[PDB]
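> Please find the sequence and an experimentally derived structure below.
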Amino acid sequence: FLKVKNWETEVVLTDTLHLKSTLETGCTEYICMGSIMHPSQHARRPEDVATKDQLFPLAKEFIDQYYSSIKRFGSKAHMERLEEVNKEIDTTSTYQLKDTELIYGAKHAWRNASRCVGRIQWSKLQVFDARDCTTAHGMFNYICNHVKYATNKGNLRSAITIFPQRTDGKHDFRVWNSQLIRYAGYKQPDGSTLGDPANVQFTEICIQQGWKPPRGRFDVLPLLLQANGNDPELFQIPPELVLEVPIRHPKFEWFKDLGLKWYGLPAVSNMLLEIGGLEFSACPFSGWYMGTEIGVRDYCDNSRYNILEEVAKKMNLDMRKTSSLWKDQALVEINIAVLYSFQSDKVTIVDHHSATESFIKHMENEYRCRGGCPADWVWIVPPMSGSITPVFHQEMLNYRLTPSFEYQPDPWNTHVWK
Amino acid sequence: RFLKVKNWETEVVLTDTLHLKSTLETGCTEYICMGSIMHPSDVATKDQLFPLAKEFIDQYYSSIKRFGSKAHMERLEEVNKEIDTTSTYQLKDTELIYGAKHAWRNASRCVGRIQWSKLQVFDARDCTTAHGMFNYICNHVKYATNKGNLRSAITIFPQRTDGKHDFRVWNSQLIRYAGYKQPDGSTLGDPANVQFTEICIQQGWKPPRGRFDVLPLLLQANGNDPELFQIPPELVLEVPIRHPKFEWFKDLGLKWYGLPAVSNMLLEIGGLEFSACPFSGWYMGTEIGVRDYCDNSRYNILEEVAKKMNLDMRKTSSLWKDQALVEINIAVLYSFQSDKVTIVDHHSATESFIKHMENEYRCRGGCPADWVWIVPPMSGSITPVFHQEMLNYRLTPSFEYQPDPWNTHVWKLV
Ligand code: HEM
Ligand code: HEM
Ligand SMILES: Cc1cc(N)nc(COc2cc(CCN3CCC3)cc(F)c2F)c1
Ligand SMILES: Cc1cc(N)nc(COc2cc(CCN3CCC3)cc(F)c2F)c1
Ligand SMILES: C[C@H](O)[C@H](O)[C@H]1CNc2nc(N)[nH]c(=O)c2N1
Ligand SMILES: C[C@H](O)[C@H](O)[C@H]1CNc2nc(N)[nH]c(=O)c2N1
Ligand SMILES: [Zn+2]
């Protein structure tokens, strides 16, 4: 048993679910790595083609978990499924997931995402099976439908599209973009940077691949899609499918003159979904923004848009010294604007108050119906107004459950070109 | 073996070798992280205390480039003599200053450690009575306050012997405000201290029952019953809170004390336990303006400030809470700065901690840090420590938590 306490309410939860974790956190009883971005490399199999005594134990575990999930442990379906996975592994060195299994696993990878504040919705995910895909064109078709379905004219809906799992390791399916919709980043001759500095490298690869950049500040980047190991290919997302929100302020009417807008759909496309030892290297998933993600990190990180400068200038704030708190004051107004713009354009968005409050309820639900809920306090607490949100005062146990979403190398570091 | 932390804003990479020198547990396991548990994981026998003393003396004589020296070996032999004869030992005045400064340096949760080497150590191990402690603590306060030009200081009382003669400051801080619950359920003063306020009142304290009553010192010497003493009001430096733009802010009637002085911790050096060691420095703005005034369990003046700010308080997404919080923290910094009372804003504080950290990696081989505590409780990502990876491990000497004395003390009078 392991108890967590909330210090605003004295609610104590008891955690047993953590007993079912397998992967090292990176911590030891002598050092805590809770603030390391990538604390561990304990993966469940060797990098590529696994042997039978390697793959099957994980497969047996997942199927066991899935059938245990639906009250059918040891049933005919369960015991045949096992024999079915054995022969597949024997005869193909891999195995294929049933549709139900794939959906269970996608959902429980989100459910186990200890960094995600949005998980109260984990059961409501739409899974798009794209395992039949064979080309970057087909990849591009699956993604456009994902984008269109998920955007739903602003009434955003969470979805994941799952492309063929990794086989030998070279025949990887990869979305080279980090998100499906990101703005481009242009290294300027005068040292500075136009657009999104996070994407300078990726923007240059696109240019290097033949992308003709319109060299603005909010240039939607092409899709760079790689299928069964081949060279990636540029596809331009139909603009009518990329919903965008112009940022304006409900009070400062000069705020719209800053010319800012952000895209409506956050869709993480460079991560790896892992289920029963299988590895889906292309699984773009999407939901809706927490407003701080755009207004705190995307606009106000130093290595990002860094618009605190401008916003505070137009607000007439003493930017001489830090003690005036001019960054804080502009930061709030930016995030107020971002929220008011998305809500005015009927585009789904949630503020950090609602979301954190939502996540407290999710934890409660999880400790009652599951015996625990893995949460990463460093990532749940929003990057502004930490202590006025309920999660700041909530103790959290962090631990690694499978299925999960894993990081993976940026493909251009590892891809032998053709 | 080495370990690397990265700053994701600057891409600076530091190599922690110091984490090897730790041997106290964090509470994390290999398969579970407890990094956000507030408190994770009678006294030392002879055999327990020998190596702890040995490790500390060894580390002391290393620090001063005297390891293996004649004085190093004689000191070791001297410490063993005492632990045999008396089942404990006594630190030298150098050792006490060195251990107290290093327990601060080793405090992973403190963002203010760039100052650790300028700690003023007051040795109070001759104290025998609560009156003696009042005297010592008053002198601490007068020295640390320095007419608003604050100075860092710890006052260290006799260590623990058998656990039945502990010195303890029952106050959590040396200056705090009282909290009184009302019949109607509301709270006058500081709701954090309601319990300790009741303990005082019960002990005979005649309370003013105002919003900012400085609490009495509840002092325990040699395991006797604690005793009440009123800090002389002229040694309590206070700052009336006003706002540089909102003339109406002074009408909130708010004030805070200028001297942060934590008194309920235990100082541990070489296996010795100093159960009473109040220490003080100066405030970071957010500790008063974010947590003291705006936690729902505390003064909860977001409510009022937003109202007078004419904010839309219906929907959260108006961020009225965020917007008012910023203004309360502007008011706090401007008030202190105006009254020339020392205060550091959270940007300057986090900046200095990154500098400190990198310096500690250069010369010491690492610097344990509790990201969950280092990040200020507001505007997290726009400070450099948010993007700073940090390794957390437990070095000794350290400051440690201990039970509240009214949970464990057994009484004497009547
Ligand atoms: C529906 C609304 C959602 C919201 C508001 C939300 C919010 C967040 C936030 C704020 C983070 C912190 C990362 C950052 O700040 O950049 C995060 C992380 C994450 N989210 Fe969610 N999320 C949502 C949906 C989803 C969905 C649909 C999935 C997958 C199916 C998902 C998977 C993840 C993962 C895997 C991580 C972090 C993984 C890691 O870094 O180890 N989220 N989320
Ligand atoms: C000189 C200026 C100082 C500043 C600005 C400062 C600031 C802080 C802050 C903001 C915290 C976080 C705690 C909270 O917010 O509740 C903290 C924790 C702490 N500080 Fe410092 N501090 C200072 C001096 C000192 C001194 C002089 C000592 C001891 C001699 C010390 C030891 C500690 C300890 C032990 C903790 C908490 C560790 C724990 O609770 O486990 N600090 N400090
Ligand atoms: C689906 C979804 C909805 C939503 N609203 N937000 C998110 C955030 O997704 C993620 C963001 C990051 C960024 C990490 N930072 C950049 C360098 C550090 C990493 C991940 F692994 C994520 F999964 C996802
Ligand atoms: C000397 C000094 C200067 C300064 N500016 N701030 C501090 C705050 O340090 C501390 C803060 C807390 C908060 C604990 N809360 C009760 C549950 C959470 C506990 C401690 F033990 C500290 F030491 C100390
Ligand atoms: C639950 C969580 O561990 C707790 O609220 C912590 C978080 N970080 C903190 N950080 C500081 N500086 N002070 C605190 O009291 C806390 N409390
Ligand atoms: C060093 C630190 O772990 C790193 O910057 C983390 C901190 N917390 C975060 N929290 C969220 N939500 N997103 C992030 O990218 C990060 N970055
Ligand atoms: Zn840990």
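Perfect, I can see it now. Numbering: from 1, shown residues only, chains lettered A, B, ... in the order given. Ligands and ions are numbered 1, 2, ... in the order given.

> Mind jotting down where the helices sit in the stretch 101-250 of chain A?
Chain-ordered helices for the stretch 101-250 of chain A, with DSSP state H, counting those that start in this stretch as the definition, fall at A:136-151, A:200-208.

> Same question for the longest one: list its buried residues.
By neighbour count, with 16 or more other C-beta atoms under 10 Å in any protein chain shown as the criterion, the buried positions of helix A:136-151 are A:136, A:139-140, A:142-144, A:146-147, A:150-151. Bear in mind the C-beta positions are built from the backbone N, C-alpha and C, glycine included.

> closest to ligand 4 among these?
Nearest to ligand 4 among the buried residues of helix A:136-151 is residue A:150, at 41.4 Å by C-beta to the nearest ligand atom.

> Relative to residue A:184, how far out is that closest one?
22 Å (C-beta to C-beta, to the nearest Å).

> Likewise for residue A:298?
14 Å.

> Which one of these two is surrounded by more residues?
Neighbours were counted for residue A:298 and for residue A:184 using other C-beta atoms under 10 Å in any protein chain shown; residue A:184 has more, 25 against 20.

> pretty sure that one contacts residue A:205?
No. When contacts are counted by C-beta atoms under 8 Å, residue A:184 is not listed as touching residue A:205 (11.0 Å).

> about what we covered before: present the buried residues of helix A:136-151 as a markdown table; the columns should include distance to ligand 6.
A markdown table is the format used below for the buried residues of helix A:136-151 (distance: C-beta to the nearest ligand atom, whole Å):
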| residue | distance to ligand 6 |
| --- | --- |
| A:136 | 29 |
| A:139 | 27 |
| A:140 | 28 |
| A:142 | 28 |
| A:143 | 24 |
| A:144 | 28 |
| A:146 | 23 |
| A:147 | 23 |
| A:150 | 21 |
| A:151 | 23 |
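
> Bridged to the residue of the stretch 301-418 of chain A found nearest ligand 1, which residues?
Here the residue of the stretch 301-418 of chain A nearest ligand 1 is residue A:405; by C-beta to the nearest ligand atom that distance is 3.7 Å. Applying DSSP bridges to residue A:405 yields these beta-bridge partners: residue A:273.

> Spit out the contact partners of it.
If you count contacts by C-beta atoms under 8 Å, 6 or more residues apart in numbering or on different chains, residue A:405 has them with A:109-110, A:113, A:271-274, A:283.

> of all the residues in the stretch 101-250 of chain A, which ones are close to ligand 1?
By C-beta under 6 Å from any ligand atom, the residues of the stretch 101-250 of chain A that approach ligand 1 are A:110, A:113, A:115-118, A:121, A:125, A:158, A:160.

> Among the residues you listed, name the ones in strands.
Counted as lying in strands by DSSP state E, out of those, are residue A:160.

> coming back round to it: of all the helices of the stretch 101-250 of chain A, which one is nearest residue A:102?
Residue A:102 lies closest to helix A:136-151 among the helices of the stretch 101-250 of chain A, at 14.5 Å (C-beta to C-beta).

> residues making contact with that closest one?
Residues from elsewhere that reach helix A:136-151 (C-beta under 8 Å, 6+ apart): A:126, A:128, A:130, A:133, A:156-159, A:161, A:163, A:173, A:175, A:180-181, A:223, A:225-227, A:230, A:232-233, A:235, A:237-238, A:241-243, A:264-265, A:267, A:282, A:284, A:286-287.

> Show me how the record splits chain A into domains.
Taking CATH domains of a matching chain as the criterion, chain A consists of the domains A:15-131+A:158-168+A:272-286+A:356-380, A:132-157+A:172-243+A:407-411, A:244-266+A:289-354.

> For residue A:21, which non-adjacent residue is closest in space?
residue A:399 (4.2 Å; C-beta to C-beta, 6 or more residues apart in numbering or on different chains).

> so how many other residues sit close to the residue of the stretch 51-200 of chain A found nearest ligand 2?
Using C-beta to the nearest ligand atom, the single residue of the stretch 51-200 of chain A nearest to ligand 2 is residue A:117, 22.7 Å away. Residue A:117 has 24 neighbours, counted by other C-beta under 10 Å.

> Now do the same contact list for it.
By C-beta under 8 Å, 6+ apart, the contact list for residue A:117 reads A:290, A:355-356, A:358-359, A:379-380, A:382, A:391.

> quick one on the thing from earlier: mean neighbour count, the domains of chain A: which tops it?
Highest mean neighbour count of the domains of chain A: domain A:244-266+A:289-354, a mean of 20 (counted as mean count of other C-beta atoms under 10 Å in any protein chain shown).

> Now look at stretch A:314-328 and say if it contacts ligand 2.
No. Residues of stretch A:314-328 are not located near ligand 2 by C-beta under 6 Å from any ligand atom, the shortest gap being 13.6 Å.

> For that stretch, report the contacting residues that lie outside it.
Applying C-beta under 8 Å, 6+ apart, the external contacts of stretch A:314-328 come out as A:252, A:254-255, A:258, A:300, A:308, A:312-313, A:329-330, A:333, B:285, B:326, B:329-330, B:333-334, B:337, B:345, B:347-348, B:351, B:378-379, B:382.

> One more pass at 7 Å, please.
The contact list for stretch A:314-328, computed with C-beta atoms under 7 Å, 6 or more residues apart in numbering or on different chains, reads A:254, A:308, A:312, A:329-330, A:333, B:326, B:329-330, B:333, B:337, B:345, B:347-348, B:378-379, B:382.

> same question, stretch A:95-110
Contacts for stretch A:95-110 (C-beta under 7 Å, 6+ apart): A:59, A:62, A:66, A:69, A:85, A:88-89, A:116, A:119, A:122-123, A:125, A:127, A:129, A:160, A:162, A:273, A:275, A:278, A:403-405.

> The most centrally placed residue in chain A: what's it in contact with?
What sits nearest the mean C-alpha location of chain A, by C-alpha atoms, centre = their mean, is residue A:268, with 4.5 Å. By C-beta under 7 Å, 6+ apart, the residues touching residue A:268 are A:179, A:284-285.

> Closest to ligand 5 out of the residues you listed?
Taking C-beta to the nearest ligand atom as the measure, ligand 5 lies nearest residue A:285 of these, at 28.6 Å.

> Thought residue A:160 was touching that closest one, still the case?
Yes. At 4.0 Å, residue A:285 counts as touching residue A:160 under the criterion of C-beta atoms under 7 Å.

> Give me the nearest residue to the residue in chain A that ligand 2 sits nearest to, chain neighbours excluded.
Proximity of chain A to ligand 2 (C-beta to the nearest ligand atom) peaks at residue A:387, 9.1 Å away. Closest residue in space to residue A:387, ignoring its immediate chain neighbours: residue B:377 at 3.5 Å, by C-beta to C-beta, 6+ apart.

> Report the contact partners of the residue of the stretch 251-400 of chain A at minimum distance from ligand 7.
Distance from ligand 7 to each residue of the stretch 251-400 of chain A (C-beta to the ion) is smallest for residue A:398, at 7.1 Å. Residue A:398 makes contact with A:25, A:34, A:114, A:374-376, B:33, B:35 under the criterion C-beta under 7 Å, 6+ apart.

> if we can go back for a sec, and the residue of the stretch 51-200 of chain A closest to ligand 2, its phi and psi?
phi -80, psi -20 (degrees, to the nearest 10).

> Verify the stated contact: residue A:349 with residue A:340.
No. Under the criterion of C-beta under 7 Å, residue A:349 makes no contact with residue A:340, lying 9.7 Å away.

> Alongside ligand 6, which residues does the stretch 101-250 of chain A contribute?
Proximity of the stretch 101-250 of chain A to ligand 6, by C-beta under 6 Å from any ligand atom, involves no residues.

> Quick check: the residue of the stretch 101-250 of chain A nearest ligand 3.
Closest point on the stretch 101-250 of chain A to ligand 3, by C-beta to the nearest ligand atom, is residue A:118, at 6.1 Å.

> That residue contacts residue A:289, correct?
No. At 9.7 Å, residue A:118 and residue A:289 do not qualify as touching, with contact defined as C-beta under 7 Å.

> Thank you kindly, that will do.
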